[PDB]
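Here is the structure we will look at.
Reckoned from all heavy atoms, side chains included, excluding hydrogens, waters and symmetry mates. Just so it is clear: chains get the letters A, B, ... in the order the sequence lines come, proteins before strands, and each one is counted from 1.
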Amino acid sequence: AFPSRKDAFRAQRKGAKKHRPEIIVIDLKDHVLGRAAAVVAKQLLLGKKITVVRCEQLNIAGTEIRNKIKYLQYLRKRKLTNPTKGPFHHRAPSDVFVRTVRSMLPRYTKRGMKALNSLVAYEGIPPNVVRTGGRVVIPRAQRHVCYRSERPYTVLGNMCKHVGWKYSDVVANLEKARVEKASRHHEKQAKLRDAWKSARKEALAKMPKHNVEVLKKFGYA
Amino acid sequence: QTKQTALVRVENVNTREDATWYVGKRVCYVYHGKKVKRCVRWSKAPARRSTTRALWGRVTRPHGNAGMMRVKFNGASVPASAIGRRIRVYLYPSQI
Amino acid sequence: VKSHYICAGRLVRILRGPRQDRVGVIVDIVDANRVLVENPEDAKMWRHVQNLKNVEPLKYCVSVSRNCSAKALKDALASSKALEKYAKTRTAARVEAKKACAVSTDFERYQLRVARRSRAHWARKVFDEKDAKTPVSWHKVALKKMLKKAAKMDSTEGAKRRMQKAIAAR
Amino acid sequence: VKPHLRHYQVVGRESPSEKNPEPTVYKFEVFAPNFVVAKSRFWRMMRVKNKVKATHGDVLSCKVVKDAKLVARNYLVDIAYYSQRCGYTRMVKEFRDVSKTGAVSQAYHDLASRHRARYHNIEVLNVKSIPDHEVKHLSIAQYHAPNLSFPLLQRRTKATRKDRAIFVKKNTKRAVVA
Amino acid sequence: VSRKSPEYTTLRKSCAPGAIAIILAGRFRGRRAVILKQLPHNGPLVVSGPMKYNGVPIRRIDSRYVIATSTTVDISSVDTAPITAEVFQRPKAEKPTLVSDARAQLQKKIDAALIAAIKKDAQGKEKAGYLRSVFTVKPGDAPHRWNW
RNA sequence: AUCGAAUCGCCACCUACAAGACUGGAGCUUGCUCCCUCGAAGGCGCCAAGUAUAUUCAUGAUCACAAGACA
RNA sequence: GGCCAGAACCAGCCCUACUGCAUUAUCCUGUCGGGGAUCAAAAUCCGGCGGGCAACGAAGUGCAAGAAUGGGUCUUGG
RNA sequence: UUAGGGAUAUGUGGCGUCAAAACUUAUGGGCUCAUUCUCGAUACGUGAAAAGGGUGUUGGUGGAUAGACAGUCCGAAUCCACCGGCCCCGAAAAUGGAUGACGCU
Ligand SMILES: [K+]
Ligand SMILES: [Mg+2]
Ligand SMILES: [Mg+2]
Ligand SMILES: [Mg+2]
Ligand SMILES: [Mg+2]
Ligand SMILES: [Mg+2]
Ligand SMILES: [Mg+2]
Ligand SMILES: [Mg+2]
Ligand SMILES: [Mg+2]
Ligand code: NA
């Protein structure tokens, strides 16, 4: 993770600017676990770099007790003669999502592990991803289009916090701080947004007229 | 699998009609080797000398209903090290 | 509240299918899933059955009875002026613009790109004038905030002497 | 969607013989996916009611009875089905539909869903369009209210097949993978 | 008339003289040029797309590497008769910014005629700017769904 | 410093939030009516720093990894 | 050049576009009566009588034989 | 049902990912909620389940009573028997484990 002194020296010799690979950031809030996992696994196999945030806000259909019992049944699976090297039951919601995607991948080949290492999963939205660009959703895996609203559903964080996850409150406090900061930064820059909107409005009159008619033809002015 | 045919997913091609529109177009897979080998215009354009290589193919037919295409490369099949990597689908030969 | 109810006389837009983005009038409700839709003034919108998943109710409802005759529906639609009011709305204009862009040629796309770039350029000019007038951008806010401190810092005799000497040497 | 069953009128008789020089001609109406199935059901009915096999009979005509103009109507379908556990169960059900073929196809789907009955275990005794005031079930009569209004709640609206996207911006229509 | 005759051609109607064409491959990929004529014996197209406007000279190009748009320029006033396969023929070579005078004069005359034709046109300036434009495939573009 | 590489969309306007049994805002009549920004666009970018009067492009000779890439 | 590519055309083959003939009546349409519901109505529904082509791309009904006189062939040879 | 190879179509079986195919198709209808062998998706494969039961829900068949039933009169449907669909109870074993896995409502 921390770059080598060789890598930094080579970057200095080459003098190239900061490079960031093409990475899609998915806000997994109110997403169906299995459907988002299937879509993300297919996109990873297609060579895309995916970072998923707010994995504690994933949804599973059914009451929270039923899904807690499903997880505890999963936790029962251990190698009896040596629980070390037995199944490793990760309790964090991001680790749960990573496991689901890994199960939807050919994890025992170089191609599958290449796909799996292309996925980064977080709980909440950490600072290194807040300002990297607009986040996406998966329309075909969203809760308001997938579940009939009458039926109960589980929030992944609530289940994980009761099956052994320790950082529920830490993630909650971090998200509270992040949303407060982002709301402050968005109440600011309002003058900038209004200024740009009025600039476009005035440009609509300051520009040549046939261009305005062309914009009216294509529903832009 | 049968490696003599390859499957290519193109951005914004999500219907069988689009993949039909692409039937016959030239297809390129660009990669690099370890040494600088012979290329087109090796003598005419010495600026093209590079470790970069390319394998060429054509779109033969659409695959499925969702814009996937079947591609056959000239002679040899495309390497499996290209699975998940970029494929160039050019707009020629042009029928329009 | 809000939304627009499925009822006789309700104007709807077709969502998908070969009638996509066309407008008809709900003339009869079959059941929970299907309605009878007809629209004069449109050649393809004869009385046919639509699935309610494929319709989009609009904010207009011509007053008409269930299973109305063609003449009665046409008269009601003409008198209500529902089609005119719909054609004045921005979503109908967006639908027409989508059709125009679908049928557009390469030259029309060039003309659209030119017009959008011209509007962008003039928006930049207007923004620059207003931003010099009042510092709304990052660089102008930084400019004023550091310029006050810089004026205070360069009023020193040593600052002015060094500045003048180094400028003269330039 | 258009109904999967068509309204057929099969007209047939036993083949004329010396013993029966002028056999009776029977008109039989059936709802079948195609005319071969219509003839099959006709000959089954001829076998089970008149002791006339297909090997000794004629089919004079097998035509489709066209639907009327599509109008929201109440259809009474008198229908029966067989099960090993219960034998023959006859029921009379009312449906909202625009055609007799649509009403019968809906009845077949309803029998398949609520009783697990298949096409060849089902006999449609009669289908009739009835007035509103003869409708007995409230689940159908609720559609007779003159001011029948309802919103479209919990819609699952999918984009046009060309416009559909895998990844889209959260509060935006910009497709990132499509 | 006969496949042996030079006048024979199987070229699609879209690639007509005066049609503005998007160059798909080669040194001038993405540039928009004007189709002048087709060489005999069902030969390659010749485009100019004035070198003043987009820098494309008089040049051969196969019709399969060009998208012939529905926008056209009436170039009947342009004398395309001097354009012949002889001016594109190269001398045979011996064992082992530079333009010959004939090629330069042909380009100058043809470009003068083509600029006169383009300028003398309704939407002449828009078409000049169109020829100055560069065609590229953007992220999110679907050229298979477009008219040209 | 080997090193020639594959990758080909930028942004201090998206890069805040929440809900889809749901309004941008009202009314009472509660599903209709009336207002507004009319409720289907994140802004740029695609060859003149902007829509007009321009201006070097060749011979890299008809496709070849774009022979180039700090947008 | 007995090498690598592109395009053109020829023969063959493989895909696609381009559609006619029969049928419709338990149907279409006016009017009178009934009946229905309404606030009054129309409609859904049932009869009689009078006309008929539901013909917009009429029908998702039976059969179709329409000389590519547009693509592919790195699936064949030139 | 089988010489060595291409192309085009199918068979059985499938088209959320693993895994090619609906990038999770329709502008198709209904039904189902299942808490520690964790509902179901098991043709052959019985390679797992019954008798009996449920005022869970969704259908059907007869009978009835209609200022009815309940409530303390007062305004609209109510009651009885029976038979289905899916779900549930019945349903207990030994290494941690199997609709193939993940998941799916
Ligand atoms: K009457
Ligand atoms: Mg290169
Ligand atoms: Mg065998
Ligand atoms: Mg697949
Ligand atoms: Mg099995
Ligand atoms: Mg069994
Ligand atoms: Mg039992
Ligand atoms: Mg399982
Ligand atoms: Mg399986
Ligand atoms: Na919803």
Checking base pairs now: Watson-Crick or wobble, both atom distances under 3.5 Å. What partners H:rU10? none
When only distance counts, do a donor and an acceptor, one from the side chain of C:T91 and one from the base of F:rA40, lie under 3.5 Å apart? no
Under the 5.5 Å and 30° test, is C:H121 stacked on the base of F:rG50? no
Tell me, yes or no, whether the heavy-atom count around B:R53 atom CZ, taken from other residues, nucleotides or ligands under 6.0 Å, exceeds 12. yes
Proximal nucleotide (of H:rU38, G:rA8, H:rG96) relative to the A:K79 side chain: H:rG96
Candidate nucleotides H:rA9, H:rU38, F:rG25, ranked by approach to the side chain of C:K2 - the nearest: F:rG25
Sticking with atom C1', work out how far H:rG47 lies from H:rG54, rounded to a whole angstrom. 31 Å
Could you tell me whether D:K100 and D:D67 make a salt bridge, using a distance below 4.0 angstrom between a side-chain N and a carboxylate O? no
Base, sugar-phosphate or nothing for E:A25? Non-hydrogen atoms, less than 4.0 Å. sugar-phosphate
Describe the nucleic acid contact of A:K42 in one word from base, sugar-phosphate, nothing, applying a heavy-atom distance below 4.0 Å. sugar-phosphate
With the six-membered base ring of F:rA6 as reference, does the ring of B:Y31 sit under 5.5 Å away with planes under 30° apart? no
Restricting to side-chain contact (heavy atoms from CB on, under 4.5 Å), what partner residues turn up for A:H19, sequence neighbours left out? A:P21
Could you please name the partner base of F:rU30, counting Watson-Crick and G-U wobble pairs only when both distances are under 3.5 Å? none
How far, in whole Å, is H:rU55 from H:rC33 if one measures between their P atoms? 16 Å
Just how far, in rounded Å, is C1' of G:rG6 from CG of E:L24? 14 Å
Heavy atoms from other residues, nucleotides or ligands near CZ of D:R85 exceed 12 (cutoff 6.0 Å): no
For atom NZ of B:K35 and atom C1' of F:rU2, their distance in whole Å: 14 Å
In terms of side-chain heavy atoms, does D:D132 have a donor or acceptor partner in D:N74 at a distance below 3.5 Å? yes
Taking only N/O atoms, report every protein-nucleotides 53-57 of chain F pair under 3.5 Å with atom names and distance.
| residue | atom | partner | partner atom | Å |
| --- | --- | --- | --- | --- |
| F:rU53 | OP2 | E:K125 | NZ | 3.1 |
| F:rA54 | OP1 | E:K119 | NZ | 3.2 |
| F:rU55 | OP2 | E:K52 | NZ | 3.4 |
| F:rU55 | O4 | E:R132 | NE | 2.7 |
| F:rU56 | OP2 | E:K52 | NZ | 2.8 |
| F:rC57 | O2' | E:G55 | O | 2.9 |
| F:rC57 | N4 | E:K52 | O | 3.3 |

Kindly indicate whether the side chain of C:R117 and the base of F:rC46 share any N or O donor-acceptor pair separated by less than 3.5 Å? no
Compare the minimum distances between each of H:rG30, H:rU105, H:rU24 and the side chain of A:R151, then state the nucleotide with the smallest one. H:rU105
Does the ring center of D:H109 lie less than 6.0 Å from the ring center of D:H4? yes
B:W56 over G:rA5, stacked by centroid distance under 5.5 Å, angle under 30°: no
Pair A:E180 + A:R184, salt bridge at N-O below 4.0 Å: no
Please confirm whether any donor atom in the side chain of B:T60 sits under 3.5 Å from an acceptor in the base of G:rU75, or the reverse. no
Please classify the nucleic acid contact of E:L98 as base, sugar-phosphate, or nothing, using heavy-atom distances under 4.0 Å. base
Can you tell which of F:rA40, H:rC23, F:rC13 lies closest to the side chain of B:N65? H:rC23
